[PDB]
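Below you'll find the structure, written out as structure tokens, and then a few comments.
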Amino acid sequence: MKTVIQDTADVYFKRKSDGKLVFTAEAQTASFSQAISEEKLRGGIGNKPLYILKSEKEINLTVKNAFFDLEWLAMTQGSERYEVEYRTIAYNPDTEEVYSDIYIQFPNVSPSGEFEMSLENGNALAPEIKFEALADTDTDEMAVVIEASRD
Amino acid sequence: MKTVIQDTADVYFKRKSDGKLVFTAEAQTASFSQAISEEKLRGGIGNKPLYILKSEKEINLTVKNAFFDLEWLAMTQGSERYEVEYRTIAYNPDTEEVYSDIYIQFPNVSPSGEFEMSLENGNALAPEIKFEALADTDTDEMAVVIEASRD
Amino acid sequence: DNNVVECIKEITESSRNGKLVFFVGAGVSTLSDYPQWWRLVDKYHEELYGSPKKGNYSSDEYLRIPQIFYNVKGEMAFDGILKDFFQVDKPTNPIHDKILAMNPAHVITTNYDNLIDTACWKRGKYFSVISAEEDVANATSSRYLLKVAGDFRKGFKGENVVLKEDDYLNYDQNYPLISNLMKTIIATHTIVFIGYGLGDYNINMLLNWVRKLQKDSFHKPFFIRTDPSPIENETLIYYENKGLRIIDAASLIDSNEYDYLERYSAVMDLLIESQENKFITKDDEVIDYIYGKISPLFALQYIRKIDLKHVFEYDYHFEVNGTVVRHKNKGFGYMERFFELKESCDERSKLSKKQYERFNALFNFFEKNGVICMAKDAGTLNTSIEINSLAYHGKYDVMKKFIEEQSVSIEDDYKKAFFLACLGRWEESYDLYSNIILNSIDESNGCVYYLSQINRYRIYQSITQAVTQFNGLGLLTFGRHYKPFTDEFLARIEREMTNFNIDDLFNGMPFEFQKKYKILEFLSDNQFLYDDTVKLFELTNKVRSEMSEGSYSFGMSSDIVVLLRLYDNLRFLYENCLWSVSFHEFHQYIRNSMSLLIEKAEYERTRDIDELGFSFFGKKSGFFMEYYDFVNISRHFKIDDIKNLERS
Amino acid sequence: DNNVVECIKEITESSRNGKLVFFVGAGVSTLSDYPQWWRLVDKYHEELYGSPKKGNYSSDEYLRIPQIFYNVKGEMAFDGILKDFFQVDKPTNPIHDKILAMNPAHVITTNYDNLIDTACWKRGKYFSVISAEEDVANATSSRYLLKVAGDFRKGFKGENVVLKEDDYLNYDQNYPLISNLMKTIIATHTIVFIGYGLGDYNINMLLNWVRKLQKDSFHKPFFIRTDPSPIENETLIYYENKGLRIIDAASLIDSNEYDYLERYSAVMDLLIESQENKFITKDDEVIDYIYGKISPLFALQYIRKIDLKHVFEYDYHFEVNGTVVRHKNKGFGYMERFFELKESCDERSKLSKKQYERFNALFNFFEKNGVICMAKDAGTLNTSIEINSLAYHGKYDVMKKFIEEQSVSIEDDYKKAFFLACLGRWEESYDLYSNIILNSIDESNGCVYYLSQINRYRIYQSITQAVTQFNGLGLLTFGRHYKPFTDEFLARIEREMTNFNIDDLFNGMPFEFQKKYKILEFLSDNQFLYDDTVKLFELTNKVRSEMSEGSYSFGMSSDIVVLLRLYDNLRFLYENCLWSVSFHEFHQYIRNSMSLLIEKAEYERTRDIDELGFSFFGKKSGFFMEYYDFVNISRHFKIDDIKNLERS
């Protein structure tokens with residue numbers, strides 16, 4: 001009743017081209033990493049270059065799930081734009097009331113899993129999943145948000 | 001043979017105004033420190049000083065490989081602040097021969113180390129000591145360095 | 001069948017306690033294409049009379065005819081037939097593994113073949129297999145393999161085998177040591193029979209021998225009825241009256257007569273598959289299972305929920321803040337029922353007066369242990385880190401008044417001893433601990449005893465760490481030597497140290513403690529700190545990778561984690577009245593994460609927000625100088641750390 | 001004399017492994033001034049008449065007088081007198097402190113008091129007091145405090161502790177299990193007596209009958225005689241052919257006829273000697289014992305340095321720099337003697353081929369590791385870094401070529417198993433370790449058996465972990481459920497590994513293993529990394545806070561010992577060809593180690609030097625990374641070191 005405070009989050013997945021329902025109940029770690037950097041990508045010729053807009057834009061996703069779905073998992077036992085739709089909530093410190101919901105959506109996510117969880121002792125499962133943000137050539141994609149704090 | 005850096009360094013002491021010779025020798029630690037720190041202790045003055053060169057100084061000195069001695073220990077078993085001299089050998093990278101020695105000595109030193117280790121797993125003695133090099137108000141003190149290799 | 005219910009319950013009881021030893025039978029040995037005894041009897045008849053007996057052999061004839069063969073031709077052709085019919089290797093059967101899967105105390109072998117030896121050797125354990133008088137004496141190991149039928153490792157000779165009529169006539173003297181050790185093994189551990197036939201009934205002779213005067217201290221062994229024909233109530237009645245517990249294979253499930261494999265495997269896998277909880281059924285058995293384990297849990301003062309080792313034999317995982325994640329659950333969810341009974345009000349009234357009282361005590365204890373709700377329904381929770389301390393803060397007059405009285409209970413003496421030791425008065429602490437150890441023997445409360453003992457070694461270790469440089473460093477720092485101890489006390493402590501150690505402290509305590517207080521194993525070694533340090537270093541590098549990247553982490557991925565582990569360690573060895581807070585770089589174990597939590601927020605006071613910092617967390621978590629942080633400062637601070645954090 | 005020293009050496013060697021049980025005879029009780037039956041029969045005879053019989057009663061009168069008194073007067077008077085006599089409470093005498101000081105395992109007594117139990121009580125060990133036939137069946141520990149005679153815990157009545165000759169007639173019929181366990185303990189452990197003359201015919205007839213069964217395979221127990229007068233040689237030979245080993249105190253010390261307890265003092269003084277290193281004074285016997293210890297592990301070609309102290313019972317603290325220092329050696333300088341022999345060729349010429357056969361053996365691995373001298377006279381040291389691990393050399397084609405080669409011998413089979421594991425596929429690898437466990441005892445090779453246990457364990461751990469990885473994760477990653485293992489293989493391995501945990505893997509092996517292989521056990525449990533990373537994460541901050549203001553020397557600053565242990569434990573598993581060379585523990589170890597190297601180098605590089613900063617170590621190691629380090633970065637490096645340690 002002192003300061004062991006903490007919140008929760010929702011993680012929703014989806015497979016494109018059909019209405020497949022895949023989601024994650026809870027994400028404890030939920031380490032979100034965003035990187036912008038550059039080293040050198042300009043020759044420097046043509047007198048007036050007239051343009052430069054390079055910016056390395058990567059979005060990293062990480063969830064831990066114990067709920068895959070057998071509805072399809074069993075059928076597949078005997079890909080798609082895993083596209084991800086994060087869900088969470090926000091609170092106002094002045095009132096501390098449930099009034100706002102925050103959605104985060106990614107329409108093109110390709111999982112980049114590492115096959116090296118080599119460890120001696122048996123853990124509490126905890127199959128941490130890490131994702132990479134993939135983009136097409138056309139336009140848009142990356143992240144989309146919806147605000148639900150209307151009053 | 002392949003890759004390891006190796007030398008030796010000894011630790012020697014003495015007592016001021018006495019011929020007492022009782023201390024650890026050849027401490028592999030023989031650790032030392034030096035620091036100059038300044039703070040806001042002159043933020044305000046009669047607006048006509050010359051200089052004081054305050055320069056808060058700090059000197060740690062720790063040596064540890066035990067086996068101090070047994071004779072002067074027994075004599076004292078029944079505050080001159082002691083005296084310490086140090087010796088280090090420098091090797092020529094071009095020739096790699098024993099040609100140069102470095103002499104270090106401090107007039108005043110105060111061994112002020114914590115007196116409660118109490119490790120659960122009994123070590124091989126290991127009574128680590130630390131020292132603070134004191135200075136008087138007359139002059140000199142700190143380090144008197146004599147350079148060998150007069151060839 | 002309720003009968004079968006308590007039989008399996010008691011098999012589960014004997015499963016882990018180490019009370020179980022198996023009596024292997026002839027059925028499994030026959031199940032490996034091993035030529036049965038009756039075929040060798042027929043071969044004997046053929047070589048003797050050239051004719052086979054018409055009709056079943058009598059009970060005596062089976063071992064009787066070989067006497068005729070031995071006497072009329074001689075042991076030449078006896079050993080010849082031994083060579084010819086027992087030099088046949090065979091492939092192993094799964095029954096062997098199923099039996100050994102439960103790790104019995106020993107194995108009693110009524111088979112000539114070494115198949116049991118094969119199973120044991122590929123299992124992983126080496127048993128001191130005994131077959132003769134010479135074999136008992138050289139037994140170095142403590143786990144034994146008992147071949148009452150004997151083996152052939154000594155060669156294919158009839159002397160070493162027990163298949164002669166004179167032998168059963170002279171078994172009482174030829175091989176008596178094995179017999180007496182067999183009787184003891186029967187006595188001191190529970191017995192189950194498998195694959196045993198109906199020709200000689202070792203059960204008959206031995207049951208009669210021990211029934212001879214077995215008055216009231218016997219646990220009747222349990223026999224699985226293997227033949228396809230179903231058991232009769234009269235037969236079961238006769239045997240239970242005789243002293244055996246008979247369970248019919250067909251009493252559970254039925255199949256073909258010759259399908260021994262499916263029958264036996266079904267029975268044994270039924271018995272095995274019960275892990276710890278499959279027959280709880282109704283709510284009345286919900287309460288007692290948690291009762292019998294967590295009733296001792298009311299003894300202790302405060303427990304780290306990281307220290308929740310095997311509350312239910314590693315059944316479930318209990319994470320930091322106090323939620324439950326299923327770890328080894330396959331049967332009844334006996335924690336969800338209790339927690340929802342806590343959630344419900346009307347269903348509480350279903351508990352009787354004693355039941356309701358126990359429920360109230362359990363709910364209070366759950367409040368006092370920081371466990372609130374499961375991750376299934378975990379929401380916005382808040383746990384109280386308000387530290388309860390008297391010496392960690394330093395109200396010295398409080399203990400200086402708390403010492404001047406006469407105690408009533410042993411707990412009072414224990415806490416007084418700890419308080420006095422914290423004061424530096426370490427001399428009378430030994431005499432006090434002596435008073436507890438001496439008077440606390442004729443009583444059933446042993447956790448206090450264990451902690452009392454483990455104080456001794458650690459305090460004396462500190463004292464020995466002191467005296468050496470008291471006659472060493474002593475004149476290095478304050479000039480003048482001092483003698484805070486007398487010679488008699490030094491002699492007594494050296495004498496008690498000479499023949500003592502810490503490695504066998506846990507092994508030195510009774511079985512009941514080892515079951516009820518099994519968590520109390522971790523703290524009394526030394527590498528515990530050594531073992532949580534690596535967890536702390538993994539957390540350190542994860543946090544410092546996070547800072548170097550700048551990765552946002554939602555919720556509880558806080559070095560708080562780290563620092564909440566810091567409070568966990570700063571509370572555990574203190575609330576239990578243990579000197580173990582006062583050790584070597586425990587201090588630096590504080591120090592590393594201390595300066596580290598400085599650096600984390602120090603760099604962290606730069607956050608280059610792009611789009612999500614304000615929306616996700618407006619009025620940011622914020623680094624504030626904690627009161628417990630300050631107590632850490634004023635309880636651990638050296639100077640070098642100040643120097644480097646100053647220049648950093 | 002040869003016999004007496006032989007006897008005591010037997011007692012010591014049998015005790016070292018813990019196989020000693022001490023017969024508490026009634027002499028110890030009367031050693032505590034406790035009045036004996038001499039007083040107890042008096043009032044019996046007095047109610048009988050009014051005068052004790054002059055002269056010594058035969059073996060029948062002592063048992064018959066209380067019988068007569070009971071049957072004539074009444075059981076009520078019998079129990080009343082039992083109260084009047086057995087209510088005396090007395091303290092302990094130094095005898096009990098000694099007899100417990102011998103560190104027994106089991107205790108059996110015949111004197112009817114409870115003084116030994118309370119002596120244990122103060123001494124603080126746990127024992128199970130068994131005195132009724134119903135106590136055996138509920139054994140609460142593996143240590144048993146048997147009392148064949150029975151105690152007066154449940155009162156002073158006839159069921160209790162009895163000396164009625166009718167009850168002498170009533171043999172085992174009352175207490176069968178007590179006699180059964182008595183025979184067992186007499187049979188398993190080596191037996192010593194104390195506090196008895198020759199007035200128990202019963203025990204000697206038991207022993208004679210026992211020796212009549214075991215024939216010539218009987219372990220002769222030991223006996224102590226307290227007669228001031230000498231016991232004649234013919235009697236000694238009679239007891240020798242009887243099967244009893246007598247140790248006579250009379251030949252040891254000289255005293256008066258009424259000295260009494262001071263003879264027992266002396267006999268415990270004789271027992272208490274318990275040591276091995278105190279008999280090393282001869283120059284040759286130094287190397288004799290050294291060889292007798294080091295020899296068994298020739299199959300292994302390398303051992304770790306700071307590990308090596310575990311063999312020598314911590315007598316010397318092995319600094320990883322290749323130099324050794326004394327840690328617990330209270331005797332002769334056998335390592336000082338060996339090192340002074342190493343540098344003297346003339347002393348090396350003063351030895352025969354008897355020691356040369358062991359010098360040849362030592363040479364190979366001793367110089368393979370590189371131990372030079374002690375830490376006192378040592379000058380400039382240097383270690384040799386080289387890797388013959390072809391698997392570390394990344395040339396899989398040659399290992400395939402070697403795999404296609406046929407079999408030679410057990411060691412070669414071990415290597416081939418290592419390379420099969422190196423390819424990644426595991427089926428035939430597990431089959432190979434299976435066959436090698438089958439036939440390992442054929443060659444009776446000790447160390448490799450346990451190494452192979454660890455092998456199959458970590459192989460299975462890797463297979464199951466990868467399975468959990470493909471378990472889920474695989475379908476999303478690779479699109480198709482790739483099943484690289486037959487379901488039969490999984491079924492077999494899961495059915496043969498239901499319960500196996502590694503903790504007892506060092507508990508179920510023959511007791512002759514550990515006495516020669518104490519060091520190597522540390523590779524079984526989860527402590528594969530705990531002992532290592534602790535010093536790593538200690539020195540990390542050690543140098544990081546050493547920083548750039550001092551603690552300065554050319555070749556003792558920073559990673560000096562770090563390279564030593566780094567390339568000492570680098571090839572440990574990497575040259576013995578053990579398996580988890582791909583485990584996050586070694587990811588961890590290499591990444592940390594490499595970071596410390598680069599950090600010391602580049603903190604030297606850019607450090608500010610006023611006058612004395614560069615006067616020390618006016619040369620730099622610069623971290624000239626070698627091919628081995630590059631391969632490490634290829635294998636177990638994710639940040640690979642610049643990936644974060646260039647932003648940082």
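Starting from 1 in every chain, residues are counted up; chains themselves are A, B, ... following the order of the structure tokens, and ligands are numbered from 1 as listed.
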
Can you check the Cα RMSD once chain D has been least-squares fitted onto chain C over every paired atom, in order? 2.7 Å

For segment 3-8 of chain B, list every protein, DNA or RNA residue within 6 Å, evaluated using only C-alpha atoms, and leave out those in the same chain fewer than 2 positions away; present the list as a list in words.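 Residues near the query, excluding close chain neighbours: residues 380, 555 and 560 of chain D.
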
Restricting the output to N, CA and C atoms, write the selected residues as an mmCIF file, in the first residue's frame.
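The new file again_14.cif reads:
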data_model
loop_
_atom_site.group_PDB
_atom_site.id
_atom_site.type_symbol
_atom_site.label_atom_id
_atom_site.label_comp_id
_atom_site.auth_asym_id
_atom_site.auth_seq_id
_atom_site.Cartn_x
_atom_site.Cartn_y
_atom_site.Cartn_z
ATOM 1 N N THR D 380 59.961 -12.952 -13.381
ATOM 2 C CA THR D 380 59.074 -12.580 -14.474
ATOM 3 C C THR D 380 58.433 -13.844 -15.032
ATOM 4 N N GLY D 555 53.444 -4.764 -14.917
ATOM 5 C CA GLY D 555 52.839 -6.062 -15.105
ATOM 6 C C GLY D 555 52.077 -6.630 -13.932
ATOM 7 N N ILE D 560 46.288 -8.871 -15.136
ATOM 8 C CA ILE D 560 47.399 -9.816 -15.013
ATOM 9 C C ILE D 560 46.882 -11.226 -14.783
#

Have a look at C:511, C:623, C:530, C:617 and name the one nearest to residue 93 of chain A; count only C-alpha atoms.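 Smallest distance to residue 93 of chain A is found for C:617.
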
Would you list which chain D residues are within 6 Å of chain C using only C-alpha atoms, as an MDAnalysis selection string? chainID D and resid 122 134 137 140:141 214 217 508:511

Would you mind reading off the distance between atom CA of residue 162 of chain C and atom CA of residue 209 of chain D, one decimal, in Å?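 A separation of 21.7 Å between them.
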
Starting from chain C, keep only residues with some atom at most 6 Å from an atom of chain A, counting only C-alpha atoms, and report them as a ChimeraX atom specification. /C:380,382-384,551-555,557

Just asking: which residues within segment 25-147 of chain A are helix (DSSP H, G or I) according to DSSP, as a list in words?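 Of segment 25-147 of chain A, the ones in helix (DSSP H, G or I) are residues 70, 71, 72, 73, 74, 75, 76 and 77 of chain A.
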
List the neighbours of residue 109 of chain B out to 10 Å using only C-alpha atoms; skip same-chain residues closer than 2 positions along the sequence, and give me the result as an MDAnalysis selection string. chainID B and resid 59:61 80:84 106:107 111:112 130:135 142
